[PDB]
Every structure is written in structure tokens, then in C-alpha cells.
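Colleague: One structure follows; several queries about it will come next.
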Amino acid sequence: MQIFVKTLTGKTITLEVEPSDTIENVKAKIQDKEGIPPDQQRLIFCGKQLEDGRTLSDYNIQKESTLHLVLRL
Amino acid sequence: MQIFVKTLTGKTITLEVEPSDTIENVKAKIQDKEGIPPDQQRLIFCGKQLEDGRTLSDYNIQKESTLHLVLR
């Protein structure tokens, strides 16, 4: 399925994912698209920061849902 | 500011809004774009259906945030 990741530069990234993908797996997909190491990524969905060892489905992130990326200070 | 409204047809509607806009005002803006009467719209943000008399800001809906439209 597709999900979207919006950045503070006003970009929208489209990712190809499965619901059982871990957040860590999603950060790897963002690294593929943007070159940002996973350790520099803060991913947020509906106001909550996401944990690397949990899945998309653990957070009820569904097809065509939008996450937010913030780089760590 | 801009917000987005995604539909079940896969469309993404861009709206121009202010944070103090009521949800009813937002439904009017969707009517402008799609012709859907406000009474036929269910608007959802982060899993919660939105009340007509409350504002975008009441729900913490920010610039470039995405809502979901489901028809009744």
C-alpha cells in the first residue's frame, strides 16, 4: 500500500509499505528516498512519535495515511 | 493556510483556510470544490469526527494537515 510522509521543506514523500512494516523499516524507506539516516529521523502520526519496534498497524496507520518527518536537533 | 482533504476516490482536495474557521465553514469550502452539500459530509481528523460548531484550531488541525471526507 502507499503512505505519505510530509516534511518541513513542504515535500510529500510517497512510500510503498505493508501494514506489518516496523517504524524502523519505514525510516529505511525514508533513507532510500531522502538519504537521511534513520537515527536522524523523528516520525510522527497524529501527534505521537512513533517507536522503531512497533508496526504501522500498531498505530492504525492505513492506506493513504500521512505521517510527519522532523529531523532531530 | 492550506489544508488537505482526502476522499475515498483517492482525490486530495486543497483548501485555503484560517485556523479559526469552523468545521461548517470547511464543509462549505468542500461544497465549493466538489459540489457536495455540507449535510452529506462526514469530516474526520486523526480518527475523530469533527463537530460543525468547533474550529480547526479546536482540533489542532495545522498548516498542511490532512482531513478525511466520507459521504453519508
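Looking at the header, which is where the method is noted, we find X-ray crystallography, 1.5 Å.
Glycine is treated like the rest: Cβ placed from N, Cα and C.
Sequence annotations record features per position, and here Swiss-Prot assigns ubiquitin cross-link to B:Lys6, B:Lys11, B:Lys27, B:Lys29, B:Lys33, B:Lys48, B:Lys63. Sequence annotations record features per position, and here Swiss-Prot assigns phosphoserine to B:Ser65 based on experimental evidence. Annotation comment: Swiss-Prot describes B:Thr66 as (Microbial infection) ADP-ribosylthreonine, evidence class experimental evidence. Residues or ranges marked as site 'Interacts with activating enzyme' in Swiss-Prot: B:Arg54, B:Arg72. Sequence annotations record features per position, and here Swiss-Prot assigns site 'Essential for function' to B:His68.
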Colleague: Go through the recorded positions B:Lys11, B:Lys27, B:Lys29, B:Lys63, B:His68, B:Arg72 one by one and keep only those whose Cβ is less than 8 Å from a Cβ of chain A; report them in sequence order, or 'none'.
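Modeller: It is none; no candidate comes close enough.
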Colleague: Rank aside, I only need the closest one: which of the recorded positions B:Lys6, B:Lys27, B:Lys48, B:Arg54, B:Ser65 has its C-alpha nearest to that of B:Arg72 (site 'Interacts with activating enzyme')?
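Modeller: So, of the listed recorded positions, the one sitting closest to B:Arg72 (site 'Interacts with activating enzyme') is B:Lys27.
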Colleague: Which ones in the same chain are close to B:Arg54 (site 'Interacts with activating enzyme'), with CB under 8 Å and 6+ residues apart in sequence?
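Modeller: The list for B:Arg54 (site 'Interacts with activating enzyme') reads B:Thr22, B:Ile23, given in order along the sequence.
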Colleague: Tell me the Cβ neighbour count for B:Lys27 (ubiquitin cross-link), meaning other Cβ atoms within 10 Å of its Cβ, over all protein chains shown.
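Modeller: Here the count is 21.
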Colleague: Given the recorded positions B:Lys11, B:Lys29, B:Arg72, which one's Cβ is surrounded by the fewest other Cβ atoms within 10 Å?
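Modeller: Comparing Cβ neighbours within 10 Å for the recorded positions B:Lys11, B:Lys29, B:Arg72, B:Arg72 has the fewest.
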Colleague: Spatially speaking, which of the recorded positions B:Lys48, B:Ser65, B:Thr66, B:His68 is closest to B:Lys6 (ubiquitin cross-link)? Use C-alpha to C-alpha, please.
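Modeller: Going through B:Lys48, B:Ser65, B:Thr66, B:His68 one by one, the Cα closest to that of B:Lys6 (ubiquitin cross-link) is B:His68.
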Colleague: I'd like the Cβ neighbour count for B:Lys63 (ubiquitin cross-link), meaning other Cβ atoms within 10 Å of its Cβ, all protein chains included.
Modeller: 10
